[PDB]
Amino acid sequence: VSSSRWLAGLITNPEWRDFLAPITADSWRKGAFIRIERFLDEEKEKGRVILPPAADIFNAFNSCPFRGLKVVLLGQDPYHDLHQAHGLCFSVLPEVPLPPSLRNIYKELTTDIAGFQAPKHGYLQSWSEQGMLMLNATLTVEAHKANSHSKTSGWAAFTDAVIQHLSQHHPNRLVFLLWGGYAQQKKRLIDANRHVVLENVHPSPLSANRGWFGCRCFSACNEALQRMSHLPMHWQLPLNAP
């Protein structure tokens, strides 16, 4: 059981707490998890505003049913404006404008998934609730400063460890969606014999017209799930956000 003051305790779902215990353990990388906490404490002591709020840092785990896990989607680091990120890759709180990448994800869903209707909001929590782990590599960011915790925080080693541990030890066969070169680097952590890895170009505008549009990753994900006897994702999102 982690000796951390507060960070491990933010993992509130018991199944995930137990599953992740060998990573949050003090022994993992000889105190690495504690060092992530200490980093976040020091940034706060410096007066830095760190996002998302503590209670959302591990929302990808807390909101995703452990035994129902079937899809893993990787992101880079959280959105960095106030009151925007909430602990799931690509998702934003309601009443926030859609970021460009998310607009493009909605565009592709609209052409790929027959009958999909994009909402005006960007809140993706209903996907997580179905069994889709929406994991950023880096789980915090300083306000307004993209990538600010990527090299300094230690999170990437943690989330790399999570990916490997899921690959090796999750009870279910899983579909990993790897969008862009950063995410695709994680393929080497994943047993592509047991699990299914679907790689595509990233949806941000810089790349989107070079292979994102038309890639049909959402239908491909569902075909993969169906072949593995999983319940497919229900991609339609509530048109009113909670």
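Throughout, we count residues from 1 along the sequence that is shown.
Task: Higher-B stretch (mean Cα B-factor, as the entry records it), 66-74 or 200-208 - done: Result of the comparison: 200-208.
TODO: Return whichever of 231-239 and 2-10 has the greater mean Cα B factor according to the PDB record.
DONE: Mean B over CA atoms: larger for 2-10.
TODO: By the entry's C-alpha temperature factors, tell me which of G154, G87, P119, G131 sits highest.
DONE: When the deposited C-alpha B-factors of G154, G87, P119, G131 are compared, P119 is largest.
TODO: In terms of CA temperature factor as recorded, identify the highest of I50, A60, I190, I34.
DONE: Result of the comparison over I50, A60, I190, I34: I190.
TODO: State the tercile, meaning the lowest, middle or highest third, of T110 with respect to the CA B-factors recorded for its chain.
DONE: Tercile = highest for this residue's CA B-factor.
- [ ] Rank-wise, by C-alpha B-factor, drop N147 into the lowest, middle or highest third of its chain.
- [x] It belongs to the middle third of the chain when residues are ordered by C-alpha B-factor.
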